[PDB]
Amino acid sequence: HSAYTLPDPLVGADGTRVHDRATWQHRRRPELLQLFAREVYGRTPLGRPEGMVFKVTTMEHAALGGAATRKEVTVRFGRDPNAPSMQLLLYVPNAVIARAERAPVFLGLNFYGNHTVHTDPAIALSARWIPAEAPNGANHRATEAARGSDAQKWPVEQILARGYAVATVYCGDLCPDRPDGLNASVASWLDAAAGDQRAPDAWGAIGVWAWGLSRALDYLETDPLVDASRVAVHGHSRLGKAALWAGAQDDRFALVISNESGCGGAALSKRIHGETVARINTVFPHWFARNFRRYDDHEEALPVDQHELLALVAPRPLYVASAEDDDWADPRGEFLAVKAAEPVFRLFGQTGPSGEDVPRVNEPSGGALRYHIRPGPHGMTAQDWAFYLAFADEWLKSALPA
C-alpha cells in the first residue's frame, strides 16, 4: 500500500532529533527496545538464568567423512538434573581446528529438529513434540525417515568448507510451534506467574525463540573451537523473525541475517500487504505479545514499525532477503523497511541498498546493510546461502583486533 507514514528512527519520542552515534546507542536504542517489548514481542523477563550448565553429550572428530568435528551439547537451564534444557548441535570445520584457529559461527534455529538439518545418522533424533507439517513424522514425533528432511535449507558442507562452524537448536526445545505451546515453553518457568492467563506484555514464541539463540551464544562463549565474537545469527521465515529480535536485543551477535522473515520480521506492518497484523495474530496467537493484537486492523496506531527493528542492529552488519513470488512476506515491504532503516546505518558510517526500488533478482545491493531478492517461492536456497557467505566473508567481524 501507499497510504501510511512511518515514525522516524532518528527522532526521539520527545521530538528531539538523534544527531550522533552515542545518543543512538545510549538513548534511542533503549527507547525503541522498550517499545518493541511492550507493544510487539513482549518483555524478555531476563537473559541467562542462574546455574546454566553445559554438557557435551557426544563429540565426533571425524564427522562428514573427516571434514568436521560434530558436538552435541545439552544446555541445561539450572543445576538440578531435572531442569529444562535445549539440545545444541555444532559442526566445526576440521581444517580450521587443525590450524588451531578459532572458527566463526553461523547460528540459527531449525524448524523440525536437529536431525533434520543433515542426513548424518549419528545426530540424536529429537524426542520432543514436532508439528504435523514436519516431513516424515508420526504422532508428532520424528522418525528415522525425518533425518535430513530439511537439509535443503542447511548447506552444512559448503558453510564448513568456507571456514564457518554451523550451530543449531530445534525451536521446539524452547517453545513448541503450536497455538497452545507457551504452556510447555521457557515462558512457563522463566519468571513465570503463579497462575491465570499471560499478561498483556508477556512474551510469546518469538521472544522465547530469540532468547534461546542468546543462550546458545552463551554456550559458544565457552567452546574453545569457536570465536564467539564472530557469530552470525540467521533465520528463515518465523525463525528469521526470531533471529532479528535476538540480534536487536543482544548486541553480542556480530551479524544478523533475515531470510524472508515477512510480517513481524523485516516487512513493514503499516504497509498493508500480504500477511497483516490481524492475520498473523489470529493464526499464530502465541507468537507475539497479547498487546500486539491491539493493532489488528489498526496498524496506523503502531508507534513503531519494523524498519526500527532493523535499525536496532546498527552498526552491526544486517542482511535482509526476499523471494520474488513470496507475496505473503511482502518483499517490497521488506525492502522498504531496509531503506527506512538506512539512515541509522548511515549515521554509523555504513551504507545500504543504493537503488530506487526492489533490485533485480539475484543482484544484492548494499554494504554492511544488504538486501537481495531471488526468484521463486518462500524458502531458503543455495542461492540465498551463497550470498550470505559472501556477506559474512566481507562484513563479519575479523579475527584480528582493531
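Heads up, when I say rigid core I mean the largest set of C-alphas that superpose within 1.5 Å between the two forms. From 1 onward, residues are counted along the sequence shown.
Participant: Hey, after superposing on the core, which one moves around more in 4 other deposited structures of this protein, 39 to 47 or 350 to 358, CA-wise?
Facilitator: Farther on average in 4 other deposited structures of this protein: 350 to 358.
Participant: Just give me the stretch that moves more in 4 other deposited structures of this protein: 11 to 19 or 389 to 397, judged by RMS C-alpha distance after a core fit.
Facilitator: Farther from the shown form on average in 4 other deposited structures of this protein: 389 to 397.
Participant: Regarding 193 to 201 and 277 to 285, which shows the higher C-alpha temperature factor on average in the entry?
Facilitator: Looking at the record's C-alpha B-factors, the answer is 193 to 201.
Participant: Looking at the deposited entry, does 125 to 133 or 171 to 179 carry the larger mean Cα B-factor?
Facilitator: On average, C-alpha B-factors are higher across 125 to 133.
Participant: Looking at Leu32, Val338, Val361, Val40, which has the biggest Cα B factor in the entry?
Facilitator: Spelled out: the listed residue with the top C-alpha B-factor is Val361.
Participant: Among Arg238, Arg79, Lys270, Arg332, single out the one with the highest C-alpha B factor in the record, please.
Facilitator: Each of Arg238, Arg79, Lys270, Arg332 was compared by C-alpha B-factor; the highest is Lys270.
Participant: Quick check on the deposited entry: does the C-alpha B-factor of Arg162 sit in the lowest, middle or highest third of its chain?
Facilitator: Middle third.
Participant: For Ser261, does the deposited CA B-factor place it in the lowest, middle or highest third of the chain?
Facilitator: Its C-alpha B-factor belongs to the lowest third of this chain's values.
Participant: Taking the C-alpha B-factors as the PDB entry records them, is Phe54 in the lowest, middle or highest third of its chain?
Facilitator: As the PDB entry reports it, the C-alpha B-factor of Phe54 lands in the middle third of its chain.
Participant: Considering every modelled residue of the chain and its Cα B-factor in the PDB entry, is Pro315 in the lowest, middle or highest third?
Facilitator: Highest third.
Participant: Which third of the chain holds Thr44 when residues are ordered by C-alpha B factor: lowest, middle or highest?
Facilitator: It belongs to the lowest third of the chain when residues are ordered by C-alpha B-factor.
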